[PDB]
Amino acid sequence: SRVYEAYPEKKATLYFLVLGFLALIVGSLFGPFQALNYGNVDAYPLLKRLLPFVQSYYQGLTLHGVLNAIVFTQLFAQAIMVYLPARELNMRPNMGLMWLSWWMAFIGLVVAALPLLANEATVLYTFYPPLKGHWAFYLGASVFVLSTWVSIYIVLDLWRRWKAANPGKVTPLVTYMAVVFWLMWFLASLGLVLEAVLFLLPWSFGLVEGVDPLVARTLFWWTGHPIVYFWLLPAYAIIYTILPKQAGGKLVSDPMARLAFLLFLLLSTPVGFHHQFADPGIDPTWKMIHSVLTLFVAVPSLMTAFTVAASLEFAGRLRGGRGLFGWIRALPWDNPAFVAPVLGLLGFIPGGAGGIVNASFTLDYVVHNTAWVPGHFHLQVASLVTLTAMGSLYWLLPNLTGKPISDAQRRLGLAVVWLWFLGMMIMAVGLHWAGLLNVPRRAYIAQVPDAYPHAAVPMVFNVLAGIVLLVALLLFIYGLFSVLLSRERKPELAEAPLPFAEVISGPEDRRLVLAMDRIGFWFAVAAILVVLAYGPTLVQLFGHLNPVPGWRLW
């Protein structure tokens, strides 16, 4: 194709998205079995006839977590947060590096998948020592994540080349988003990189006898919090800069969109002890300080809530909608690329309410390690992020491939995103409620069918969700393959501009925009905040290590 000669970045972006959606499909096969299990129904015998390499519930759960929450989300973020700024600036990413990032991800994935599939790393997606997986799982994973350092370089390069060609112009919006996002990711990723190089890798290779589980979790959660913002922000870049056009309006504030992203850059990383409220050996003052700062990381999404709602409302009004509800009805509910992020934003309202709970220190003792937690995060990543990426099948795919989406495929995408959304809402209900009833997360509770009698009611929700989501997943697989293996190719679709929104006309506040463009400075602020929030604890832990022996309990 002459299109891939002029925009070779389309092909690499396609490879990231395809591999992402393949991981999502594989990891998601386990989700209905797990919802049935949290509905006290044991379908593992069926799953094991179908997939005879699956030895346990917990091997299935490792696969589901790693494939969906690690692999899929990262590949999507690499596709969106490279290709969008590249198209906005109208410039070619360094293609050598783009392909290097892809193959690093693919190879990292293949190497981690070997021991995962062989039942040698059933340690879940958190891999907490002293549970000890095969070295290849840690090495494959490390290389998979390090793929993203290449992406960071790719975008900083684009940004710098553009700024050289445009001295004293402010950074264009999507590129500003992606720059702060990838710099945030760089500072975020250091916890896991330290944990892997300093402990997990020498340990799984046999070089050191034990690892200190408290240091390992602390360095894990330095990264484990911001990684969720790393999942979220690509969906946000689309929601701010693309969705308003798809809705039939405009983005109502460029500065308010930049300010949210700058708040994410500064506040995503210094807050991880909110995953450690129940850990010994971390001072409760510092837990409180991460609790407050976590409540602050909430503000950019609270701001997003308004800027995005007001953008949708403005679109609905342009399209004739009047009343207090007319604006909603007037929106393009026949367009799956519109519908999917909108539904994902609706579920994000309870999703974010549960996150603010979890953040609230002593309140976390009510819900920690219960089913409430999966209830919260299915609303955030398995619903909003996932639905936004699914909705991209419907504008992004044609743009990358030239392949048209038919009327029939459009309606099928509508049904998939609605069933997926509704299945996530029903399961959110079953899991939040079972969690309040003290049902633990990460547990094959269907194998102890009399242990949880008080949860009988929300258990029905989880069965229902497991069935609704089975159907949504089957239709999604069918749909994605129909669109991928499709006959027709219309080269004009691949040459059409991306559907980037205009910004509403009004002053605005240059100087705020100029101030936020001081990226070198804001980055050092973000990085100072991490030394402030983590340094004192990590000094103490590293000065009093207590490594302990590894276990395989599967």
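The first residue of the shown sequence is 1; numbering continues from there.
- Among the other PDB entries of this protein that were compared and that flank it with modelled residues, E492 is left unmodelled in a third or more.
- Higher average CA B factor: 509-517, of the stretches 23-31 and 509-517.
- Of the two stretches examined, 164-172 and 308-316, the record assigns the greater average C-alpha temperature factor to 164-172.
- Among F205, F220, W102, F144, the highest C-alpha B-factor recorded in the PDB entry belongs to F205.
- The residue among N369, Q78, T362, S392 whose C-alpha atom has the highest B-factor in the PDB entry is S392.
- Sort the chain's modelled residues by C-alpha temperature factor and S482 lands in the highest third, per the entry.
- For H275, the recorded CA temperature factor ranks within the lowest third of the chain's modelled residues.
- For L475, the recorded CA B-factor ranks within the middle third of the chain. Only modelled residues enter the ranking.
- Annotation for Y138: C-alpha temperature factor in the middle third relative to the rest of the modelled chain, per the entry.
- Among the modelled residues of its chain, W522 has a C-alpha B-factor that falls in the highest third, as given in the PDB entry.
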